[PDB]
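Next up: just one chain, as structure tokens, the form deposited in one PDB entry.
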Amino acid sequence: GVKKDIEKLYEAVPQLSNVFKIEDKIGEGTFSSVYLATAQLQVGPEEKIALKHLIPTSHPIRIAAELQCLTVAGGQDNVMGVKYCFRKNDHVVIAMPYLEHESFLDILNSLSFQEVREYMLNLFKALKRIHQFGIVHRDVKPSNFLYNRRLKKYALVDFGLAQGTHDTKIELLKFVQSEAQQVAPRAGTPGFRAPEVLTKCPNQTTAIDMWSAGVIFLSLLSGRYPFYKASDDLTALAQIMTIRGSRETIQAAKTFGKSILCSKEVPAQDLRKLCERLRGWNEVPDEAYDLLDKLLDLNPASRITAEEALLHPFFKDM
């Protein structure tokens, strides 16, 4: 079954035969697949390695763009780095150190509250890091944030969808087109996309990743994943308005050039009651919901930023 996939990967990129004993396929996705492999390091130890095989219909700039993010920003502050990369015509394979990780669905309702602060803490380190380089990740969700619960190790992965801030320190990102114009932009998961993305706003900043982190936190606090179950963008928005209020969403969207009509008005929810009813878990401090509120700021200009988040009172003393 996967035996065929593996075999075909060796057929695709001959050079892999020399270096890797490919043991298994661990993931598939729209734009790539990920294998587990073993290799020998010149320095002596044997290493477990993840091999990400990109879809041969990928543009070369997109490939190089992803790779450059991994070279510059990666390897530090819970951001994934790159050991080496192999090409044979249109087949590229990126090699990364391998982090054995949990399913989010699994650990979801079993983490202590402390592990939740630590998880959130560590995700903002990673976003602080990518945000300094002006990388807009665009697909922040639990499956792109590897968590090893036993080793307490973390890793943001996948820059296959990234864009740059207008002043990105990452040169190739400047050749990636935005969805606003229609290389091509790649669609992300509706349920982690911020309202300015859902409403097709031409100006898209790193704030969009912060909102995604908010959604993750909402899942951690409420015990529900996926929190927003939607297959198109507007459905996602309609669900957001149910949580954050339709009036509040209409007002906020005026500040970024979008006129939103909605036929049924729905009030904003108190975040504490919402999470408590959907569920250290006896004394979740106010600071937690206060932070969630700032992450799920409907206004991208006022939304809290990664380095601001790290200074939140929620995070004293760590």
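If you superpose the two forms and keep the largest set of C-alpha atoms that fall within 1.5 Å, you have the rigid core. Numbers for residues come from their place in the sequence shown, where the first is 1.
A second form of this protein, the form solved in complex with a partner chain, is not displayed here; the remarks below concern that form.
Although the partner is absent here, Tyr225 lies within 4.5 Å of the partner chain in the deposited complex, judged by heavy atoms. Remark: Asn122 does not count among the residues lining the partner chain in the deposited complex, judged by a heavy atom distance of 4.5 Å or less. Although the partner is absent from this view, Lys141 contacts the partner chain in the deposited complex, with a non-hydrogen atom inside 4.5 angstroms. Contact annotation: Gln177 falls within 4.5 Å of the partner chain in the deposited complex, judged by heavy atom distances.
The stretch among 208-216, 149-157, 133-141, 113-121 whose residues place heavy atoms within 4.5 Å of the partner chain in the deposited complex is 133-141.
Just one residue from the list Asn89, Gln177, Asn109, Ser103 crosses the 2 Å line for C-alpha shift between this form and the one not shown on a rigid core fit, and it is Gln177.
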